[PDB]
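The letters A, B, C, D and E name the chains in turn, as written, and every chain counts its residues from 1.
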Amino acid sequence: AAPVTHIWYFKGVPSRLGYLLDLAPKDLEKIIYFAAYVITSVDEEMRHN
Amino acid sequence: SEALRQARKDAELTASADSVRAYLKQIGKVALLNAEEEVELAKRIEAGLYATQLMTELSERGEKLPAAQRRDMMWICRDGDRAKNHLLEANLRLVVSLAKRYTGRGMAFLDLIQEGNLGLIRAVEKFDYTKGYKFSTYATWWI
Amino acid sequence: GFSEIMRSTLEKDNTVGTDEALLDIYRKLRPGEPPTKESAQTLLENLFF
Amino acid sequence: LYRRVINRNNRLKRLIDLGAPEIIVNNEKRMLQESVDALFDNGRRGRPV
Amino acid sequence: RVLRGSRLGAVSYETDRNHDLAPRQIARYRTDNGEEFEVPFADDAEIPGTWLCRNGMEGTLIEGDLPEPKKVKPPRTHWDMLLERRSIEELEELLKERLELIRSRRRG
């Protein structure tokens, strides 16, 4: 019902998700295990003008 | 004074790999209620259900619904929904109150807590206030 | 009295007042918990005694 | 393991269909994540099931 | 000491005759999200209208029958649970009370 991250690409060291997104793994765990939000998109031009 | 608040915040925002502890610390944010709060929330929820019911009354051609009636009816409905969610969010702690003692046989503990929460939704749905009993006395059965 | 390294560390002990550490100990006793500086005293007199 | 994942999936599905407050649904998605993670490589993150 | 088990299924062993087979039709079913799935049914068999196809969702037959889309009502609403324990007049009372409440609280 809601997508999931294969653990081999998240908990391995180094974490391939961590690299392909360029995130700190201990700040990726808060992202995927529902411990801390993350801004996924933003409307740069609107916030600009 | 606030020096210990540094510890209280840093230790609050720590690793805590245990998902059980995570969910406990999560539910702990919203505080409990008392009788008048529960009564008024039940009234808000009933008002909200009747507002949405009357809206689907007007879903068929019942009126060119004016702007004022639209705005305050939508406010009524959204208030009912917010209060309904507020009530569950208040009593989640009770749900763990018991699930705490059906563990250790068969199932995990988060599973028991979620099943309790679903029953809690049923309980709030079917909860009456006019009988004037405390909420937990009626909710414990369904949980 | 004779305790050379003791007095040395007691000069670099960088923490004064009993309650002062009790909270050190606590805080590190377990991570992630609001201490009750007065109340965690029992935790100590309740691990070893 | 499969029973755990299927149960948590069905429960998430019924919670969403029912309409549930955000806290419970996030808890459920986290349980689903942990369950699939235990399915793939057990006790990699956390305490093994 | 030995301990034997057994899957709950027999093992019939004829020969896999590839030639003499009961002839069979093919019924192409469609799911909802534009998926085409095909099913070899036996010839003499009423090709059922609906089907839980391989895709997992519901699957309809390719033709047009619609004997009954649903023919079934929702289980019970929170509206149901509420209505069966109150009166419409009471609900209207609480509604108009909320109306007066928002009015007096916002616009004086």
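Annotations
Keep in mind that, in the parts below, contacts are C-beta pairs under 8 Å (C-beta built on N, C-alpha and C of every residue); 3 or more make two chains touch, one makes a residue touch a chain.
Chain identities (UniProt): E = RNA polymerase-binding protein RbpA.
Note on connectivity: the fewest chain-to-chain touch steps from chain B to chain D number 1.
The chain occupying the central position, as judged from C-alpha centroids, is D. Averaged C-alpha coordinates put the centre of chain A at 29 Å from the centre of chain B. Once the centre of each chain is set as its mean CA position, chain C and chain E turn out to be 64 Å apart. Chain A and chain D have Cα centroids lying 19 Å from one another. Measuring from the averaged C-alpha position of chain B to that of chain E gives a distance of 30 Å.
Shared interface positions of chain A, defined as residues touching 2 or more other chains, are 33.
Residue numbers of chain B whose C-beta contacts span two or more other chains: 15, 19, 22. Within chain C, contacts with two or more other chains are made by no residue at all. Interface residues of chain A facing chain D in the complex, by the touch rule stated above, are 1-2, 4-8, 11, 29, 32-34. Here chain E touches chain B in the complex through residues 78-79, 81-82, 85-86, 91-92, 94-95, 97-99, 102-103, going by the rule given at the top.
By the touch rule above, chain B contacts chain C in their complex via residues 4, 7-8, 11-12, 14-16.
Of all residues in chain D, those touching chain A in their complex are 9, 12-13, 16, 26-27, 29-30, 32-34, 36-37, 40-41, 44-45. Every residue of chain D that touches chain B in the complex is listed here, in rising order: 4, 7-8, 11, 14-15, 18, 20-21, 23-24, 26-28, 30-31, 34, 45-47, 49.
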